[PDB]
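Report on the following structure.
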Amino acid sequence: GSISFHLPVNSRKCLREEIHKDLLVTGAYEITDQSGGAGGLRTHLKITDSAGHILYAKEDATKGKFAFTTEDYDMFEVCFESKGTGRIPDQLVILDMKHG
């Protein structure tokens, strides 16, 4: 799966998946910020399961990869959240995922 979206400053966007198999999920992401860090901008990446356990987290996310396995209820959420001050152009996020 491939996702491209804009992420405005001080917003959160998430992909939620409810599948019913235990399998391997792999992802690759790139956050592009045309402002080069204006207004103290930073972006957090957090992946959680149905019970809120953190499967992956990246505090100051830029570009990277992740992988996790689905367990119990096999529901997960991948969330990007930005924080910054003032007016900042939207960031662009690209997220590519594979289910094994």
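Residues are named by chain letter and number: chains run A, B, ... in the order of the structure tokens, numbers start at 1 in each chain, and ligands are numbered from 1 in the order shown.
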
As a PDB file with N, CA and C atoms, in the first residue's frame, please: the residues near residue 87 (chain A) (cut-off 12 Å, only C-alpha atoms, same-chain neighbours under 5 positions excluded).
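Dumped everything to part.pdb:
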ATOM      1  N   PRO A   8      -0.590  19.249   8.001  1.00  0.00           N
ATOM      2  CA  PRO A   8      -0.499  20.627   8.489  1.00  0.00           C
ATOM      3  C   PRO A   8       0.164  20.693   9.853  1.00  0.00           C
ATOM      4  N   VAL A   9       0.665  21.882  10.189  1.00  0.00           N
ATOM      5  CA  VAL A   9       1.293  22.034  11.493  1.00  0.00           C
ATOM      6  C   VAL A   9       0.249  21.814  12.585  1.00  0.00           C
ATOM      7  N   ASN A  10       0.666  21.126  13.652  1.00  0.00           N
ATOM      8  CA  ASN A  10      -0.176  20.827  14.812  1.00  0.00           C
ATOM      9  C   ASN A  10      -1.393  20.000  14.421  1.00  0.00           C
ATOM     10  N   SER A  35       9.850  23.938   4.583  1.00  0.00           N
ATOM     11  CA  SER A  35      10.293  25.061   5.400  1.00  0.00           C
ATOM     12  C   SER A  35      11.651  24.826   6.048  1.00  0.00           C
ATOM     13  N   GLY A  37      12.374  23.199   8.801  1.00  0.00           N
ATOM     14  CA  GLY A  37      12.330  23.283  10.244  1.00  0.00           C
ATOM     15  C   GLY A  37      11.833  24.592  10.811  1.00  0.00           C
ATOM     16  N   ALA A  38      11.066  25.374  10.048  1.00  0.00           N
ATOM     17  CA  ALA A  38      10.522  26.623  10.568  1.00  0.00           C
ATOM     18  C   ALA A  38       9.653  26.371  11.796  1.00  0.00           C
ATOM     19  N   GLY A  39       9.565  27.390  12.652  1.00  0.00           N
ATOM     20  CA  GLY A  39       8.698  27.341  13.821  1.00  0.00           C
ATOM     21  C   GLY A  39       8.946  26.179  14.758  1.00  0.00           C
ATOM     22  N   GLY A  40      10.178  25.676  14.821  1.00  0.00           N
ATOM     23  CA  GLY A  40      10.478  24.548  15.684  1.00  0.00           C
ATOM     24  C   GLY A  40       9.811  23.254  15.273  1.00  0.00           C
ATOM     25  N   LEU A  41       9.419  23.143  14.010  1.00  0.00           N
ATOM     26  CA  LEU A  41       8.606  22.019  13.565  1.00  0.00           C
ATOM     27  C   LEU A  41       9.293  20.685  13.826  1.00  0.00           C
TER      28      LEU A  41
END

What's around region 54-70 of chain A at 7 Å? Count only C-alpha atoms, leave out sequence neighbours fewer than 2 positions away in its own chain, and write the answer as a PyMOL selection string.
chain A and resi 22-31+42-49+52+74

Between CA of residue 79 (chain A) and CA of residue 13 (chain A), distance in Å (one decimal):
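Computed distance, CA of residue 79 (chain A) to CA of residue 13 (chain A), equals 5.7 Å.
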
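Atom pair CA of residue 98 (chain A) / CA of residue 7 (chain A): separated by 22.1 Å.
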